[PDB]
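Engineer:
Protein chains: 2
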Amino acid sequence: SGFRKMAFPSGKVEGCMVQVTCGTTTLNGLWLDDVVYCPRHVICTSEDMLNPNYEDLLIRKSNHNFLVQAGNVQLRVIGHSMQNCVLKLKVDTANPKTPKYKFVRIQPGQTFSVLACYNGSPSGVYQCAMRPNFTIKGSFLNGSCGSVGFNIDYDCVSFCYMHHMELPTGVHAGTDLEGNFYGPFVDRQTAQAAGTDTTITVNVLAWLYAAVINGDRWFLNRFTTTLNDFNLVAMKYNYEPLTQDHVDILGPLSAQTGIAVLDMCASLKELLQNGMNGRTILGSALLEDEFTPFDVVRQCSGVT
Amino acid sequence: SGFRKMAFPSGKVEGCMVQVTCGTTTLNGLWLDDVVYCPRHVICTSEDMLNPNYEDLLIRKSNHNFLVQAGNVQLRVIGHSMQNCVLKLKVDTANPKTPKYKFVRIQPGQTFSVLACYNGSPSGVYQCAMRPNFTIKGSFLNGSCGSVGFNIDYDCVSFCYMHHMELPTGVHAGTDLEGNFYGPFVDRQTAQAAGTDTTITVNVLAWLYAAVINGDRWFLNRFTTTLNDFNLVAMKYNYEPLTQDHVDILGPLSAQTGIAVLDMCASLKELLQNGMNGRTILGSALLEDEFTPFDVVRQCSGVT
Ligand SMILES: *CC(=O)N1CCN(S(=O)(=O)c2c(F)cccc2F)CC1
Ligand SMILES: *CC(=O)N1CCN(S(=O)(=O)c2c(F)cccc2F)CC1
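Chains A and H supply the protein sequences, listed in that same order. Just remember that full-length UniProt numbering sits 3263 ahead of the position in the first sequence, which is counted from 1. Just remember that full-length UniProt numbering sits 3263 ahead of the position in the second sequence, which is counted from 1.
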């Protein structure tokens, strides 16, 4: 029993983190096989960052200008290329600690662990969601760029995020490991505002199921609703629309608790309309939306 | 910017987790040098658990009854002893991944990371505090016993907790790595109630400082207070008394923000008396108390 915001064990990803230095800019790189992946803005002077032309900036960089350090040993860079907003640095040594890995581009609402690093050294691990506006609400100081977000499936690390940007509002933006930004964000020190940070409805419901499973039942009510009726209330409260796809996904939790998805929807409807009235669910005074249905099943079943 | 509930990177501790089996009971062990530490209740039939006599139960166990598995390789047990509520299993192989380590007994209010394991395999990592009633609010299913809590100081893992018990109320109890329970708890399936789960006042203040540092300032007020005046309000709200020791500890955050500790106390006083009024601080609708002042400084400075 008990339910916690839980990150994947970070060891497999700690084994991949290196320091990348280009001139006076130091950030983090991900070392998989003989490639080091890092944000392309490593080549910028914070003056370049106002309107960088990356292809033009990169012409001035040779392999030997990229200083790659794994622990206290230098890696020899034998190649470099730009893919979208990341640099791939070919090194002469395969990372001996390379885990089984995939690159995946996640959807909004999908959760992942972040290993926050500075100078290629891990500081901490935390759980995130890709927000519906394609920002993440991270913890990233200067030097944290190139820190990565991941899921683990037993022994296979799926890398879904590399950190690039803090928006003026202190939310975060980054790329998949093909260098493609989540959302409309660009690696330029310019005015970039996030859209509406809506609540991930299906995640909230997952977490209400986690609550029932863990004995927090006070908010269960006598009501049901319909997707269309629920969705009117959701819209009004800046909750994402709920689809039959989300209902299907919640089916296993529905089964385990014997609470119909639409009944739990009706419960969530009353919490939105009535508020918590100073009560808590799983030690939270607000509705948590950074647990996916898969996260809830995982932590409630104890997958390793 | 941004502030997250952040666990230590778990890699150093993943390298220490083994499976311990005694008869039909499987749980987790911590492998440091040539010793495997695990809960002594590994020797119990859940029938033994009602009123176990551990010294008597242990007489019936030989080295070869303790099955220790690190990955998919068996360790040879060449010795076993009981220290308080843990077994020390001497094995013939030093853990080659043994990190620099200490055993520390933490005080209530102190935070640590837990690496939740099942069958010696990591499932997840999360951040905890030792509650003032010497429980922790964990996420632990059957098989999780012997999962450990730790702090890291650069390269030195301080182990402070091993998981043993879920109380009937679904809160958690365990030992330091000398086998001594935190609080008055015993490894027996009996009526054990926790005392008052009071709020860790100094941690709440730390987290209010983290909020100001990260731009969440709305709750800063025009008032100050005194320790004695603050403490009357704290008592009324089941907050731990604040000492000059806690004020001293908050000094660095006081300095960085230019907010006197007692001013921040007066802010916390108004939040207790007035509530949040539907507002959030660092994405929370309640006052977070599982960040220590050291945690706030660490994450706000980016220590690795
Ligand atoms: C995002 C990231 O981690 N980095 C890119 C920016 N640089 S930097 O330009 O060197 C820099 C500092 F070193 C300190 C403060 C601001 C700043 F932009 C850091 C690495
Ligand atoms: C605390 C812990 O992880 N364990 C001790 C109890 N045992 S058990 O007695 O084998 C057991 C199960 F295997 C399943 C359900 C309940 C139960 F007590 C599990 C390991």
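Even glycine gets a Cβ: it sits at the ideal position worked out from N, Cα and C.
#1: Answer with yes or no whether the minimum CB distance from residue 3267 of chain A to chain H is below 8 Å.
#2: Starting from the N-terminal side, write out each stretch of the beta strand (DSSP E) that is 3 residues or longer and does not extend beyond the region 3332-3412 of chain A.
#3: Under 8 Å, Cβ to Cβ, is there at least one residue of chain A near residue 3532 of chain H?
#4: If you run the structure through DSSP and keep just helix, strand and coil, what is residue 3280 of chain A?
#5: What in chain A is Cβ-close to residue 3400 of chain H, meaning under 9 Å?
#6: Taking Cβ positions only, does residue 3379 of chain H come closer than 8 Å to chain A?
#7: Under the DSSP definition of a beta bridge, which residues are partnered with residue 3509 of chain H?
#8: Do you know how far the Cα of residue 3472 of chain H is from the Cα of residue 3383 of chain A?
#9: Within the same chain, show all residues whose beta-carbon is closer than 7 Å to that of residue 3396 of chain A, passing over the 5 residues directly before and after it, in chain order.
#10: Would the region 3299-3315 of chain H and the region 3303-3319 of chain A be scored as touching if the rule is three or more Cβ pairs under 8 Å?
#11: Beta-carbon of residue 3497 of chain A versus every beta-carbon of chain H: anything under 8 Å?
#12: Report the residues of the region 3435-3467 of chain A with a CB closer than 7 Å to any CB of chain H, ordered along the chain.
#13: Would you say residue 3329 of chain H and residue 3352 of chain H are within 8 Å of each other, going by their C-beta atoms?
#14: Beta strand (DSSP E) containing residue 3312 of chain H: first to last residue?
#15: Under the criterion of a Cβ to heavy atom distance below 7 Å, does residue 3491 of chain A qualify as lining ligand 4?
#16: Quick one: does residue 3389 of chain A have its CB under 8 Å from some CB of chain H?
#17: Cβ-heavy atom distance between residue 3383 of chain A and ligand 1 below 7 Å?
#18: If distances are taken between C-alpha atoms only, which option among A/3535, A/3356, A/3408 and A/3528 comes closest to residue 3501 of chain A?
#19: I need the straight-line Cα distance from residue 3452 of chain A to residue 3314 of chain A, nearest angstrom please.
#20: Output needed in chain order: residues of the region 3470-3492 of chain H with a Cβ under 9 Å from some Cβ in chain A.
#21: Along chain A, in chain order, which residues have C-beta atoms closer than 8 Å to that of residue 3382 of chain H?
#22: Are the Cβ atoms of residue 3462 of chain H and residue 3434 of chain H separated by less than 8 Å?
#23: Ligand 2 and residue 3408 of chain H: does the residue's C-beta get closer than 7 Å to at least one heavy atom of that ligand?
#24: Distance check for residue 3450 of chain A and residue 3348 of chain A, CA to CA, integer angstroms please.
#25: Could you tell me whether any Cβ in chain A is nearer than 8 Å to the Cβ of residue 3277 of chain H?
#26: Look up residue 3294 of chain A in the DSSP assignment and say whether it is helix, strand or coil.
#27: Using a Cβ distance threshold of 8 Å, determine whether the region 3549-3564 of chain H contacts the region 3552-3565 of chain A, with at least three qualifying pairs required.
#28: So, for residue 3465 of chain A: in the same chain, excluding its five sequence neighbours on each side, which residues have a beta-carbon less than 6 Å away from its beta-carbon?
#29: For residue 3428 of chain H, which option in H/3469, H/3441, H/3408 and H/3470 has the closest C-alpha, if you only look at C-alpha atoms?
#30: Please list the partners that residue 3562 of chain H has in chain A, where partner means a Cβ-to-Cβ separation under 9 Å.
#31: Return yes when the C-beta of residue 3309 of chain A is under 7 Å from any heavy atom of ligand 1, and no when it is not.
#32: Residue range of the alpha helix (DSSP H) that residue 3530 of chain H falls in?
#33: Do we get a CB-CB distance below 8 Å when we pair residue 3503 of chain A with the residues of chain H?
#34: Alpha carbon to alpha carbon, how far is residue 3363 of chain H from residue 3420 of chain H?
#35: What separation, rounded to the nearest whole angstrom, lies between the Cα atoms of residue 3386 of chain H and residue 3488 of chain H?
#36: Going by DSSP, which residues form a beta bridge with residue 3429 of chain A?
Structural biologist: Quick answer:
#1: yes
#2: 3336-3338, 3340-3346, 3349-3354, 3363-3366, 3374-3381 and 3384-3392
#3: no
#4: strand
#5: 3265, 3267 and 3546
#6: yes
#7: Partner(s): none; residue 3509 of chain H has no beta bridge.
#8: 28 Å
#9: 3446, 3457, 3458, 3459 and 3460
#10: no
#11: no
#12: 3435
#13: yes
#14: It is not in any beta strand (DSSP E) - residue 3312 of chain H carries neither H nor E in the DSSP assignment.
#15: This structure lacks ligand 4; the ligands present are ligand 1 and ligand 2.
#16: yes
#17: no
#18: A/3535
#19: 7 Å
#20: 3477 and 3478
#21: 3567
#22: no
#23: yes
#24: 7 Å
#25: yes
#26: strand
#27: no
#28: 3509
#29: H/3408
#30: 3379, 3386, 3387, 3402 and 3404
#31: yes
#32: 3524-3537
#33: no
#34: 6 Å
#35: 45 Å
#36: A/3435
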